[PDB]
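Text of the file protein-v9.cif, holding mmCIF, C-alpha atoms:
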```
data_work
loop_
_atom_site.label_atom_id
_atom_site.label_comp_id
_atom_site.auth_asym_id
_atom_site.auth_seq_id
_atom_site.Cartn_x
_atom_site.Cartn_y
_atom_site.Cartn_z
CA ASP H 1 0.00 0.00 0.00
CA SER H 2 1.95 2.99 -1.29
CA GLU H 3 -0.54 5.54 0.06
CA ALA H 4 -0.69 3.97 3.54
CA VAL H 5 0.78 5.86 6.48
CA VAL H 6 4.17 4.36 7.30
CA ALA H 7 3.39 5.09 10.99
CA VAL H 8 7.02 5.81 11.88
CA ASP H 9 7.48 8.99 9.83
CA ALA H 10 4.33 10.45 11.42
CA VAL H 11 6.01 10.47 14.84
CA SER H 12 9.13 11.94 13.25
CA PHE H 13 6.99 14.64 11.64
CA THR H 14 5.18 15.66 14.83
CA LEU H 15 8.40 15.73 16.86
CA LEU H 16 10.12 17.79 14.16
CA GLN H 17 7.09 20.10 14.34
CA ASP H 18 7.68 20.58 18.07
CA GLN H 19 11.41 21.15 17.49
CA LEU H 20 10.65 23.75 14.81
CA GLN H 21 8.32 25.47 17.28
CA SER H 22 11.12 25.60 19.85
CA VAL H 23 13.71 26.86 17.35
CA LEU H 24 11.34 29.58 16.14
CA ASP H 25 10.72 30.62 19.74
CA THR H 26 14.49 30.99 20.20
CA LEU H 27 14.33 33.95 17.80
CA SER H 28 12.61 37.28 18.39
CA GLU H 29 8.81 37.34 18.29
CA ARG H 30 8.69 39.74 15.33
CA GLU H 31 11.00 37.65 13.14
CA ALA H 32 9.34 34.40 14.24
CA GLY H 33 5.91 35.71 13.25
CA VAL H 34 7.27 37.02 9.96
CA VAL H 35 8.70 33.61 9.08
CA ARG H 36 5.57 31.80 10.27
CA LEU H 37 3.22 33.86 8.11
CA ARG H 38 5.80 33.83 5.29
CA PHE H 39 6.03 30.03 5.09
CA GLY H 40 2.50 29.09 6.17
CA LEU H 41 2.90 27.32 9.52
CA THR H 42 0.10 28.82 11.63
CA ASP H 43 -2.22 28.48 8.62
CA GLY H 44 -1.92 26.84 5.21
CA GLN H 45 -1.09 30.00 3.26
CA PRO H 46 2.44 31.40 3.15
CA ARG H 47 1.43 35.02 2.68
CA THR H 48 3.16 37.62 0.52
CA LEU H 49 5.34 40.56 1.54
CA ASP H 50 2.40 42.92 1.03
CA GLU H 51 0.22 40.86 3.38
CA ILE H 52 2.81 40.69 6.15
CA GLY H 53 3.35 44.43 5.63
CA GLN H 54 -0.32 45.27 6.04
CA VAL H 55 -0.60 43.03 9.11
CA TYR H 56 2.58 44.40 10.74
CA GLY H 57 2.41 48.08 9.74
CA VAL H 58 5.85 47.89 8.13
CA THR H 59 7.27 48.50 4.66
CA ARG H 60 7.93 45.59 2.32
CA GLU H 61 11.61 46.54 2.03
CA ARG H 62 12.02 46.43 5.80
CA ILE H 63 10.25 43.06 5.64
CA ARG H 64 12.84 41.81 3.14
CA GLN H 65 15.66 43.01 5.39
CA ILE H 66 14.05 41.45 8.48
CA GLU H 67 13.65 38.16 6.61
CA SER H 68 17.30 38.18 5.52
CA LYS H 69 18.45 38.99 9.06
CA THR H 70 16.21 36.25 10.46
CA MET H 71 17.59 33.73 7.98
CA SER H 72 21.17 34.73 8.80
CA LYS H 73 20.68 34.26 12.54
CA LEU H 74 18.70 31.07 11.84
CA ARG H 75 21.70 29.67 9.92
CA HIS H 76 23.46 29.60 13.28
CA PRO H 77 25.41 26.40 13.98
CA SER H 78 23.28 24.99 16.82
CA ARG H 79 19.98 25.46 14.95
CA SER H 80 21.47 24.09 11.73
CA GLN H 81 22.95 21.03 13.47
CA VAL H 82 19.77 20.41 15.48
CA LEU H 83 17.58 20.46 12.38
CA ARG H 84 20.09 18.62 10.18
CA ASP H 85 19.62 15.23 11.85
CA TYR H 86 15.88 15.45 11.07
CA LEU H 87 16.41 14.39 7.45
CA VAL R 1 31.06 23.54 -10.94
CA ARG R 2 30.21 25.14 -14.29
CA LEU R 3 26.75 24.24 -15.56
CA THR R 4 26.78 23.05 -19.15
CA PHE R 5 24.74 21.51 -21.92
CA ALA R 6 26.46 21.32 -25.31
CA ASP R 7 26.01 24.86 -26.60
CA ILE R 8 24.84 26.60 -23.42
CA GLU R 9 27.37 27.44 -20.70
CA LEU R 10 25.96 28.87 -17.46
CA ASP R 11 28.16 29.99 -14.57
CA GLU R 12 26.43 30.79 -11.28
CA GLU R 13 29.22 32.76 -9.61
CA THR R 14 29.72 35.31 -12.41
CA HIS R 15 26.04 35.33 -13.47
CA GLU R 16 25.93 35.23 -17.27
CA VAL R 17 25.40 32.64 -20.00
CA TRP R 18 27.48 31.79 -23.09
CA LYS R 19 26.55 30.23 -26.44
CA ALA R 20 29.91 28.64 -27.31
CA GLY R 21 31.58 31.92 -26.37
CA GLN R 22 28.57 34.23 -26.84
CA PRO R 23 27.39 35.91 -23.61
CA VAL R 24 23.95 37.40 -23.21
CA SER R 25 22.36 39.30 -20.32
CA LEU R 26 19.08 37.79 -19.04
CA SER R 27 16.34 38.94 -16.59
CA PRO R 28 16.56 37.45 -13.03
CA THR R 29 13.33 35.39 -13.42
CA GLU R 30 14.52 33.98 -16.76
CA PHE R 31 17.98 33.43 -15.25
CA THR R 32 16.61 31.26 -12.44
CA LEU R 33 14.41 29.48 -14.99
CA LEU R 34 17.41 28.73 -17.23
CA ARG R 35 19.59 27.65 -14.29
CA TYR R 36 17.02 25.26 -12.83
CA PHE R 37 16.38 23.98 -16.35
CA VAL R 38 20.05 23.27 -17.05
CA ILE R 39 20.57 21.45 -13.77
CA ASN R 40 17.70 19.16 -14.90
CA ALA R 41 18.88 18.41 -18.44
CA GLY R 42 16.96 15.62 -20.14
CA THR R 43 14.28 15.54 -17.44
CA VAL R 44 10.68 16.69 -17.78
CA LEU R 45 9.68 19.45 -15.37
CA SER R 46 5.96 20.03 -15.00
CA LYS R 47 4.26 23.40 -14.61
CA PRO R 48 3.76 23.07 -10.81
CA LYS R 49 7.46 22.21 -10.46
CA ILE R 50 8.39 25.29 -12.49
CA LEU R 51 6.06 27.66 -10.66
CA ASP R 52 6.88 26.39 -7.17
CA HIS R 53 10.64 26.55 -7.64
CA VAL R 54 11.43 29.48 -9.96
CA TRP R 55 8.51 31.57 -8.73
CA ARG R 56 7.49 31.59 -5.10
CA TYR R 57 4.68 29.33 -3.92
CA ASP R 58 2.24 32.20 -3.32
CA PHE R 59 2.10 33.00 -7.04
CA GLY R 60 -1.67 33.31 -7.33
CA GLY R 61 -1.77 34.32 -10.99
CA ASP R 62 -2.34 32.34 -14.15
CA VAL R 63 0.28 30.04 -15.63
CA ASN R 64 1.05 31.56 -19.08
CA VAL R 65 3.78 33.59 -17.38
CA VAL R 66 6.11 30.58 -17.75
CA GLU R 67 4.88 30.22 -21.34
CA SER R 68 6.05 33.75 -22.10
CA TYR R 69 9.38 33.18 -20.35
CA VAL R 70 10.04 29.97 -22.28
CA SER R 71 9.28 32.00 -25.41
CA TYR R 72 11.86 34.56 -24.25
CA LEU R 73 14.50 31.90 -23.65
CA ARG R 74 13.74 30.22 -26.98
CA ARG R 75 14.09 33.43 -28.97
CA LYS R 76 17.23 34.24 -26.96
CA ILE R 77 19.41 31.11 -26.70
CA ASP R 78 17.52 28.61 -28.90
CA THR R 79 17.85 31.15 -31.75
CA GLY R 80 20.42 28.78 -33.25
CA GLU R 81 19.34 26.41 -35.99
CA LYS R 82 18.68 23.47 -33.65
CA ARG R 83 15.87 23.46 -31.09
CA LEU R 84 16.95 22.51 -27.56
CA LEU R 85 14.21 23.70 -25.18
CA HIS R 86 11.51 21.35 -26.43
CA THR R 87 7.98 21.22 -25.04
CA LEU R 88 5.82 18.22 -24.12
CA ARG R 89 2.20 19.32 -24.46
CA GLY R 90 0.25 19.16 -21.22
CA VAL R 91 3.37 18.07 -19.32
CA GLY R 92 6.19 20.59 -19.36
CA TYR R 93 9.54 21.57 -20.88
CA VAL R 94 12.93 19.87 -21.36
CA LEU R 95 16.24 21.23 -22.62
CA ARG R 96 17.87 18.55 -24.76
CA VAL K 1 48.95 40.50 1.45
CA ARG K 2 48.07 42.31 -1.78
CA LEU K 3 44.89 42.32 -3.89
CA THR K 4 44.99 42.88 -7.65
CA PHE K 5 42.24 43.30 -10.24
CA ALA K 6 43.03 44.94 -13.61
CA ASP K 7 43.54 48.69 -13.02
CA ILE K 8 42.76 48.19 -9.32
CA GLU K 9 45.49 47.61 -6.72
CA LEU K 10 44.80 47.30 -3.00
CA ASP K 11 47.42 46.79 -0.30
CA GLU K 12 45.36 46.29 2.84
CA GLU K 13 48.56 46.06 4.90
CA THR K 14 49.48 49.64 4.11
CA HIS K 15 45.72 50.13 3.56
CA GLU K 16 46.33 52.01 0.32
CA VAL K 17 44.82 51.93 -3.16
CA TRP K 18 46.28 52.46 -6.66
CA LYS K 19 44.19 53.31 -9.74
CA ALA K 20 45.94 53.23 -13.10
CA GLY K 21 48.45 55.74 -11.71
CA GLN K 22 47.09 57.56 -8.63
CA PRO K 23 45.71 56.66 -5.13
CA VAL K 24 42.52 58.19 -3.59
CA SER K 25 41.61 58.77 0.07
CA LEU K 26 38.73 56.41 0.97
CA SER K 27 36.45 56.47 4.07
CA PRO K 28 36.51 53.16 6.05
CA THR K 29 33.00 52.28 4.73
CA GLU K 30 33.91 52.63 1.04
CA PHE K 31 37.39 51.16 1.60
CA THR K 32 35.78 48.10 3.20
CA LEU K 33 33.36 47.98 0.25
CA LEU K 34 36.27 47.90 -2.19
CA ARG K 35 38.26 45.35 -0.19
CA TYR K 36 35.29 42.99 0.00
CA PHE K 37 34.72 43.47 -3.73
CA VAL K 38 38.31 42.58 -4.63
CA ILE K 39 38.26 39.68 -2.16
CA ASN K 40 35.13 38.36 -3.91
CA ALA K 41 36.08 39.61 -7.39
CA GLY K 42 34.28 37.52 -9.98
CA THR K 43 31.60 36.53 -7.45
CA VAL K 44 28.26 38.35 -7.26
CA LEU K 45 27.18 39.80 -3.92
CA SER K 46 23.64 40.43 -2.72
CA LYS K 47 22.73 43.45 -0.54
CA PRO K 48 21.75 41.41 2.60
CA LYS K 49 25.20 39.73 2.83
CA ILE K 50 26.98 42.93 1.75
CA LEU K 51 25.37 44.91 4.57
CA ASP K 52 25.94 42.07 7.04
CA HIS K 53 29.69 42.02 6.42
CA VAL K 54 30.78 45.48 5.28
CA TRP K 55 28.45 47.14 7.81
CA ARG K 56 27.87 46.04 11.38
CA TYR K 57 25.36 43.26 12.03
CA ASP K 58 23.50 45.58 14.42
CA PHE K 59 22.54 47.82 11.48
CA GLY K 60 18.86 48.67 11.19
CA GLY K 61 18.87 51.76 9.01
CA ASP K 62 17.72 52.25 5.44
CA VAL K 63 19.07 50.38 2.41
CA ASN K 64 19.54 53.29 -0.03
CA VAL K 65 22.87 53.98 1.72
CA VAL K 66 24.42 51.11 -0.27
CA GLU K 67 23.40 52.65 -3.59
CA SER K 68 24.62 56.04 -2.37
CA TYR K 69 28.02 54.62 -1.43
CA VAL K 70 28.27 52.73 -4.72
CA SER K 71 27.72 56.10 -6.39
CA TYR K 72 30.43 57.51 -4.10
CA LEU K 73 32.72 54.87 -5.60
CA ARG K 74 31.49 55.38 -9.18
CA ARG K 75 32.38 59.06 -9.10
CA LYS K 76 35.94 57.85 -8.35
CA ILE K 77 36.49 54.31 -9.73
CA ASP K 78 34.38 53.86 -12.89
CA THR K 79 35.72 56.92 -14.73
CA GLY K 80 37.24 54.56 -17.31
CA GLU K 81 35.49 53.23 -20.38
CA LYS K 82 34.97 49.76 -18.89
CA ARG K 83 32.31 49.26 -16.21
CA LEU K 84 34.59 47.94 -13.47
CA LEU K 85 31.62 47.30 -11.18
CA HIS K 86 28.18 46.16 -12.34
CA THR K 87 24.80 46.62 -10.66
CA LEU K 88 22.88 43.40 -11.31
CA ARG K 89 19.21 44.30 -10.96
CA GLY K 90 17.33 42.41 -8.27
CA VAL K 91 20.50 40.56 -7.20
CA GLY K 92 23.18 42.95 -6.01
CA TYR K 93 26.59 44.20 -7.12
CA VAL K 94 29.79 42.68 -8.50
CA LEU K 95 33.31 43.79 -9.47
CA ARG K 96 34.42 42.37 -12.83
CA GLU K 97 35.94 43.65 -16.06
CA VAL X 1 69.06 48.74 14.42
CA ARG X 2 68.44 52.47 14.18
CA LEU X 3 64.91 53.68 13.50
CA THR X 4 64.13 56.32 10.88
CA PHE X 5 61.21 57.87 9.02
CA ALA X 6 62.36 60.31 6.34
CA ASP X 7 62.82 63.47 8.41
CA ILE X 8 62.74 61.88 11.90
CA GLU X 9 65.72 59.83 13.09
CA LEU X 10 64.56 57.76 16.08
CA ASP X 11 67.03 56.10 18.46
CA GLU X 12 65.97 53.66 21.16
CA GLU X 13 69.37 52.63 22.53
CA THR X 14 70.42 56.24 23.15
CA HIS X 15 66.70 57.10 23.66
CA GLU X 16 67.15 60.37 21.74
CA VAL X 17 64.95 61.41 18.83
CA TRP X 18 65.89 63.90 16.09
CA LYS X 19 63.39 66.02 14.09
CA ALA X 20 65.72 66.20 11.02
CA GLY X 21 68.95 67.22 12.85
CA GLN X 22 67.39 68.89 15.94
CA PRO X 23 67.07 66.74 19.14
CA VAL X 24 63.60 66.59 20.81
CA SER X 25 62.89 65.66 24.48
CA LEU X 26 59.87 63.27 24.71
CA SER X 27 58.36 61.26 27.62
CA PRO X 28 58.13 57.40 27.39
CA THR X 29 54.35 57.02 26.70
CA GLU X 30 54.79 58.95 23.40
CA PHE X 31 58.37 57.69 22.80
CA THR X 32 56.97 54.12 23.06
CA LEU X 33 54.00 54.70 20.69
CA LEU X 34 56.25 56.63 18.24
CA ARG X 35 58.67 53.65 18.28
CA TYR X 36 55.63 51.32 18.02
CA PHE X 37 54.41 53.13 14.86
CA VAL X 38 57.86 52.96 13.16
CA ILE X 39 58.18 49.19 13.98
CA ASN X 40 55.01 48.65 11.90
CA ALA X 41 55.73 51.39 9.36
CA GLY X 42 53.37 51.53 6.41
CA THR X 43 50.34 50.57 8.49
CA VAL X 44 47.38 52.35 10.06
CA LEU X 45 47.12 51.96 13.83
CA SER X 46 43.64 51.43 15.26
CA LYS X 47 42.86 52.70 18.79
CA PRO X 48 41.81 49.15 19.89
CA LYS X 49 45.33 47.74 19.26
CA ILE X 50 46.86 51.03 20.47
CA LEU X 51 45.27 50.60 23.88
CA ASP X 52 46.05 46.88 23.64
CA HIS X 53 49.83 46.98 23.09
CA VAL X 54 51.03 50.58 23.49
CA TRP X 55 48.86 50.79 26.60
CA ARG X 56 47.82 48.23 29.18
CA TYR X 57 45.47 45.27 28.91
CA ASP X 58 43.49 46.34 31.99
CA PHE X 59 42.87 49.94 30.85
CA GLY X 60 39.37 50.90 31.96
CA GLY X 61 39.76 54.56 31.01
CA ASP X 62 38.18 56.44 28.15
CA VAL X 63 39.29 56.60 24.52
CA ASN X 64 39.60 60.31 23.64
CA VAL X 65 42.96 60.24 25.39
CA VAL X 66 44.22 58.84 22.06
CA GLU X 67 43.14 62.12 20.48
CA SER X 68 44.92 63.87 23.38
CA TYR X 69 48.21 62.14 22.53
CA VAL X 70 48.06 62.62 18.77
CA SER X 71 47.36 66.27 19.56
CA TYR X 72 50.53 66.67 21.64
CA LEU X 73 52.60 64.82 19.05
CA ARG X 74 51.20 67.04 16.28
CA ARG X 75 52.06 70.20 18.20
CA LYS X 76 55.47 68.86 19.27
CA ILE X 77 57.07 66.92 16.39
CA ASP X 78 54.63 67.45 13.50
CA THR X 79 55.05 71.22 13.84
CA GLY X 80 56.73 70.93 10.45
CA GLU X 81 54.70 72.19 7.52
CA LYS X 82 54.33 68.70 6.05
CA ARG X 83 52.38 66.00 7.87
CA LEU X 84 53.91 62.70 8.98
CA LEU X 85 51.05 61.28 11.08
CA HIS X 86 47.70 60.99 9.31
CA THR X 87 44.33 60.72 11.03
CA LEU X 88 41.43 58.84 9.47
CA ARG X 89 38.18 58.40 11.38
CA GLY X 90 36.63 55.00 12.01
CA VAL X 91 39.94 53.15 11.90
CA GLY X 92 42.73 55.30 13.33
CA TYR X 93 46.16 56.72 12.53
CA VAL X 94 48.99 56.04 10.08
CA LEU X 95 52.56 57.28 9.76
CA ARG X 96 53.46 58.48 6.28
CA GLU X 97 54.93 61.33 4.28
CA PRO X 98 52.33 63.65 2.69
#
```

Spell out the structure here as structure tokens.
Amino acid sequence: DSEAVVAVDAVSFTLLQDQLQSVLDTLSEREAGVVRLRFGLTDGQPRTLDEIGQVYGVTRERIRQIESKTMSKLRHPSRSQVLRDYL
Amino acid sequence: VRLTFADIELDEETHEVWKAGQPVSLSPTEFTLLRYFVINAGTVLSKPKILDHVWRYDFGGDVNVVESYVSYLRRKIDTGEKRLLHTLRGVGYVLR
Amino acid sequence: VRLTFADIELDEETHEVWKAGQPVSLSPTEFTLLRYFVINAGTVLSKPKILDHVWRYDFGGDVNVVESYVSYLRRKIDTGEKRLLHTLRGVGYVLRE
Amino acid sequence: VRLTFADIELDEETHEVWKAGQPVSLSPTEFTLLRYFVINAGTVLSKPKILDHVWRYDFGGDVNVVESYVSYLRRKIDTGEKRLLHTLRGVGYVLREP
């Protein structure tokens, strides 16, 4: 049954979900929310720069800079190594 | 580390493409499209693949955007006698 | 110990610059711009990384300063026929003949 | 083993310093940093490393005292029309003919 749930990757997925929650909480609330609404984790839609701008009262350029800064600090060795084993 | 297919020579680091020694400047969208085509030489890439990778996921528009860009790339680098960026109707595009 | 690119010579150790015949006083910001360019000559650079390195990581000001400083260079470096530095739209900047 | 910079002949062993033929009396703090600059001739000197080597590791004092020194050196040795020590904000000071 190709479409059947393998029942061992589901546990891996939920635990990786919890770990992603923790890693996102390590960062600042503003950047964490930007990334969440930018990649569609709270909901199913990864919104656009205009949408995060209208919900955060901030310019789209500043959003791009905040995303780049967030990604740079997210690249940090402990986060990268922690998430790397989950693959 | 230089991306190649016969005539076309794409270098990521210096960001331009050659036709056996013929460079041409391309738009960023079309550049990503060409790069992620060349790394998948001989493989069919469907429209959702193209849109999700080259464009962002949240692209809520209609698809013919990629049609126009493939037309751009064809009239730009396929302009040689032979046709490389062939199309499989209802499936996608392959450079070969 | 020395960085060379066409009509561009940089000796970071004496922290001096030589342009087809004459040096030019350069503010730390623009000097660091040029040194990072010649270090990554032939490699494109995007604004986010360029700010992160050549400016301090604590920076939170506007982004037009990078274009303004690139103009500060252009009024001094790109006086020749060849565009020593190129401004790749939507990507960033690069230093290449 | 003698130190020199164009128009300034610097001696450590004798501990005398000559502004192009005329002897000048200088205290150690400045004598040391002057000697320090000529040991790494052709190089800007940033306050951080100045306070690090030329001054102590445990210095908790302020930083404008570096401006205070370069001021006394300018008015004492660099009284000549041409400039031998060059300021440049953000990074520091170099020693060079103009």

Test item: chain R residues at most 10 Å from chain K, counting all atoms listed in the file, as number ranges by chain: R: 12-15, 25, 27-29

So that each row is one residue of chain H with an atom at most 12 Å from chain K, can you give its shortest atom pair and the distance in Å to one decimal, using all atoms listed in the file, rows by chain and rising number, as a Markdown table?
```
| residue | atom | partner | partner_atom | distance |
| --- | --- | --- | --- | --- |
| H:59 | CA | K:62 | CA | 11.1 |
| H:61 | CA | K:63 | CA | 8.4 |
| H:62 | CA | K:62 | CA | 8.2 |
| H:63 | CA | K:60 | CA | 11.7 |
| H:64 | CA | K:48 | CA | 8.9 |
| H:65 | CA | K:48 | CA | 6.9 |
| H:66 | CA | K:60 | CA | 9.1 |
| H:67 | CA | K:48 | CA | 9.6 |
| H:68 | CA | K:48 | CA | 6.2 |
| H:69 | CA | K:48 | CA | 7.6 |
| H:70 | CA | K:48 | CA | 10.9 |
| H:71 | CA | K:48 | CA | 10.3 |
| H:72 | CA | K:49 | CA | 8.8 |
| H:73 | CA | K:57 | CA | 10.2 |
```

Residues picked by the PyMOL selection byres ((chain X and resi 42) around 9) here, as a compact mmCIF listing (two decimals) with C-alpha atoms, in the coordinates of the input?
```txt
# COMPACT_ATOMS: atom_id res chain seq x y z
CA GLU K 13 48.56 46.06 4.90
CA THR K 14 49.48 49.64 4.11
CA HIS K 15 45.72 50.13 3.56
CA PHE X 37 54.41 53.13 14.86
CA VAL X 38 57.86 52.96 13.16
CA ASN X 40 55.01 48.65 11.90
CA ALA X 41 55.73 51.39 9.36
CA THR X 43 50.34 50.57 8.49
CA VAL X 44 47.38 52.35 10.06
CA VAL X 94 48.99 56.04 10.08
CA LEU X 95 52.56 57.28 9.76
CA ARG X 96 53.46 58.48 6.28
```

Selection result for the PyMOL selection byres ((chain R) within 9 of (chain H)) on this file, as number ranges by chain: R: 57-59

Residues matched by the PyMOL selection byres ((chain R and resi 55) around 12), written as JSON, numbers by chain: {"R": [28, 29, 30, 31, 32, 33, 36, 47, 48, 49, 50, 51, 52, 53, 54, 56, 57, 58, 59, 60, 61, 63, 65, 66, 69]}

So that I have them on file, write out the residues from the current selection with C-alpha atoms, as a short mmCIF file (atom, residue, chain, number, x, y, z; two decimals), keeping the file's coordinate frame.
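Written file, part00.cif:
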```
data_model
loop_
_atom_site.label_atom_id
_atom_site.label_comp_id
_atom_site.auth_asym_id
_atom_site.auth_seq_id
_atom_site.Cartn_x
_atom_site.Cartn_y
_atom_site.Cartn_z
CA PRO R 28 16.56 37.45 -13.03
CA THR R 29 13.33 35.39 -13.42
CA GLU R 30 14.52 33.98 -16.76
CA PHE R 31 17.98 33.43 -15.25
CA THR R 32 16.61 31.26 -12.44
CA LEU R 33 14.41 29.48 -14.99
CA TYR R 36 17.02 25.26 -12.83
CA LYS R 47 4.26 23.40 -14.61
CA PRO R 48 3.76 23.07 -10.81
CA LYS R 49 7.46 22.21 -10.46
CA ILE R 50 8.39 25.29 -12.49
CA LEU R 51 6.06 27.66 -10.66
CA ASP R 52 6.88 26.39 -7.17
CA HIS R 53 10.64 26.55 -7.64
CA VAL R 54 11.43 29.48 -9.96
CA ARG R 56 7.49 31.59 -5.10
CA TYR R 57 4.68 29.33 -3.92
CA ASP R 58 2.24 32.20 -3.32
CA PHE R 59 2.10 33.00 -7.04
CA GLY R 60 -1.67 33.31 -7.33
CA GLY R 61 -1.77 34.32 -10.99
CA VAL R 63 0.28 30.04 -15.63
CA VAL R 65 3.78 33.59 -17.38
CA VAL R 66 6.11 30.58 -17.75
CA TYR R 69 9.38 33.18 -20.35
#
```

Between atom CA of residue 84 of chain R and atom CA of residue 37 of chain R - distance in Å to one decimal: 11.3 Å

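Atom CA of residue 97 of chain K is positioned 21.1 Å from atom CA of residue 16 of chain K.
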
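Interatomic distance, atom CA of residue 7 of chain R to atom CA of residue 86 of chain K: 25.7 Å.
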
Within 12 Å of chain X: residues of chain K, using only C-alpha atoms, as a list in words: residues 11, 12, 13, 14, 15, 16, 25, 26, 27, 28, 29, 30, 31 and 32 of chain K

Contacts of residue 34 of chain X within 12 Å, only C-alpha atoms, excl. fewer than 2 positions in-chain, as an MDAnalysis selection string: chainID X and resid 3:5 8:12 15 17 26:32 36:41 45 50 54 69:70 73:74 77:78 84:85 93:95

Excluding same-chain residues fewer than 6 positions from segment 9-22 of chain H, what lies within 10 Å of it counting only C-alpha atoms, as a PDB file with C-alpha atoms, keeping the file's coordinate frame?
```
ATOM      1  CA  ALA H  32       9.340  34.400  14.240  1.00  0.00           C
ATOM      2  CA  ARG H  36       5.570  31.800  10.270  1.00  0.00           C
ATOM      3  CA  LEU H  41       2.900  27.320   9.520  1.00  0.00           C
ATOM      4  CA  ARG H  79      19.980  25.460  14.950  1.00  0.00           C
ATOM      5  CA  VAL H  82      19.770  20.410  15.480  1.00  0.00           C
ATOM      6  CA  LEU H  83      17.580  20.460  12.380  1.00  0.00           C
ATOM      7  CA  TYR H  86      15.880  15.450  11.070  1.00  0.00           C
ATOM      8  CA  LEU H  87      16.410  14.390   7.450  1.00  0.00           C
TER       9      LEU H  87
END
```

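Shortest separation to residue 80 of chain X among X:35, X:56, X:19, X:49 occurs at residue X:19, atoms counted being all atoms listed in the file.
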
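Between residue 34 of chain K and the candidates K:65, K:1, K:20, K:50, the tightest atom-to-atom separation, counting only C-alpha atoms, involves K:50.
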
Among the residues K:39, K:24, K:33, K:8, the one that comes closest to residue 71 of chain K [using all atoms listed in the file]: K:33

Grab segment 66-77 of chain X from that structure and dump N, CA, C and O atoms to a file, as a compact mmCIF listing (two decimals), in the first residue's frame.
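Result file part16.txt:
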```txt
# COMPACT_ATOMS: atom_id res chain seq x y z
N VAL X 66 43.45 59.06 23.29
CA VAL X 66 44.22 58.84 22.06
C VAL X 66 44.27 60.12 21.23
O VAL X 66 45.33 60.49 20.70
N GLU X 67 43.14 60.83 21.14
CA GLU X 67 43.14 62.12 20.48
C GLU X 67 44.05 63.09 21.21
O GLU X 67 44.76 63.89 20.59
N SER X 68 44.07 62.97 22.55
CA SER X 68 44.92 63.87 23.38
C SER X 68 46.40 63.64 23.04
O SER X 68 47.12 64.63 22.91
N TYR X 69 46.83 62.38 22.92
CA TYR X 69 48.21 62.14 22.53
C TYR X 69 48.48 62.69 21.14
O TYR X 69 49.30 63.59 20.98
N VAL X 70 47.73 62.21 20.14
CA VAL X 70 48.06 62.62 18.77
C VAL X 70 48.07 64.13 18.66
O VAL X 70 48.84 64.70 17.88
N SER X 71 47.28 64.82 19.49
CA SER X 71 47.36 66.27 19.56
C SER X 71 48.74 66.73 20.04
O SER X 71 49.36 67.59 19.40
N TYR X 72 49.22 66.19 21.17
CA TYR X 72 50.53 66.67 21.64
C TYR X 72 51.63 66.34 20.65
O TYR X 72 52.53 67.16 20.41
N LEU X 73 51.60 65.14 20.06
CA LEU X 73 52.60 64.82 19.05
C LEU X 73 52.52 65.76 17.85
O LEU X 73 53.55 66.21 17.34
N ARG X 74 51.31 66.09 17.39
CA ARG X 74 51.20 67.04 16.28
C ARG X 74 51.83 68.37 16.65
O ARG X 74 52.60 68.94 15.87
N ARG X 75 51.53 68.89 17.84
CA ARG X 75 52.06 70.20 18.20
C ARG X 75 53.51 70.14 18.65
O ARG X 75 54.09 71.20 18.93
N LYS X 76 54.11 68.96 18.77
CA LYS X 76 55.47 68.86 19.27
C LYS X 76 56.47 68.44 18.19
O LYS X 76 57.51 69.10 18.02
N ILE X 77 56.20 67.36 17.47
CA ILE X 77 57.07 66.92 16.39
C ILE X 77 56.52 67.32 15.02
O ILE X 77 57.27 67.82 14.18
```
